[PDB]
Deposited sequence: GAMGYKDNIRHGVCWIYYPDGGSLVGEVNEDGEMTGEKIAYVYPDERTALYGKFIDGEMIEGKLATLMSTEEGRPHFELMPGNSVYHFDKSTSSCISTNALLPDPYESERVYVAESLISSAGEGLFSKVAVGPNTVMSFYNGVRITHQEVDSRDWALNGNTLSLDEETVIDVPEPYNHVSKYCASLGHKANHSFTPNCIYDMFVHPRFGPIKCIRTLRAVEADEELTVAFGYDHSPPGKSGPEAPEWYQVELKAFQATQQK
């Protein structure tokens, strides 16, 4: 029979496991956190070799039944390295139905990230993929090159370096396009992605309305205030509104 294996983030691998008990076969799927959008096809040991975009229409005796989307929407396990993606311009189909990039409502923030649709709290909205570099590197260079750096764990930083900060040059993920707020409606949270691998995602903390801008706390060290000058500014301002 069927096995589902959930990641802590709510995504899952589902399928009949093989003789040796591995997520291996032609009819395995990764199902996104909405429990509707899925990537269906060939996996070996839980790695997506060839996943075709599908909708989960229902389950019978716990067995998922998918409808393929028209096209040849194929996706592949593609962990970044110097290389952000093998398909810089191929969007995440789950992300694409949920967010879009537009001018930010925050004065001189530039661009920002918005909900296409109204969602609940705890809803994963967008992915933060990037190149995978080291803290020493990140911390050895000027802030001007550190606009999109995001701490993944204690060995790894995730970056979206110029010119991938432009959507016409990179749009496989959009998490980096979310602006900072000290009164955020989202957080960065761990996510295990079938294409990007282990990255971070952007998740709502509260219900959000269609066309609201999504914001997160960048969470730079307040006292080592090691941050760019615009953040140091918004911090003085905010703490005044607080103290």
Extract from the deposited sequence all ranges with no corresponding C-alpha coordinates, numbering residues from 1.
-> 1-11, 93, 237-241, 261
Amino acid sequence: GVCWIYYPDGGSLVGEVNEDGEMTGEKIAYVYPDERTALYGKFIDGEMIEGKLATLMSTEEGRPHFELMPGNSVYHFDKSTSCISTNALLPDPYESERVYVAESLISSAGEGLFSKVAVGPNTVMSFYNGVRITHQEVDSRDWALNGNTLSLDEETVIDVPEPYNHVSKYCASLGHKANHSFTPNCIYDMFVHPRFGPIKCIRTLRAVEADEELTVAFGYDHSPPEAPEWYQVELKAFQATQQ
From here on, numbers count along this sequence of modelled residues.
Between 38-46 and 66-74, which has the larger average Cα B-factor in the PDB entry?
-> 66-74
Which is higher on average in the deposited entry, the C-alpha temperature factors of 226-234 or of 6-14?
-> 226-234
Which has the highest CA B-factor per the PDB entry: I158, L90, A144, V99?
-> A144
If you compare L150, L105, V119, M125, which has the highest Cα B-factor in the entry?
-> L105
Which third, lowest, middle or highest, does the CA B-factor of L214 fall in along this chain?
-> middle
Chain thirds by Cα B factor, record data; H135 belongs to the highest
Comparing against every modelled residue in the chain, figure out the third that the C-alpha B-factor of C171 lands in (lowest, middle or highest).
-> lowest
Sorting the chain's modelled residues by C-alpha B-factor and splitting them into thirds places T55 in the lowest
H180: which third of its chain by C-alpha temperature factor?
-> highest
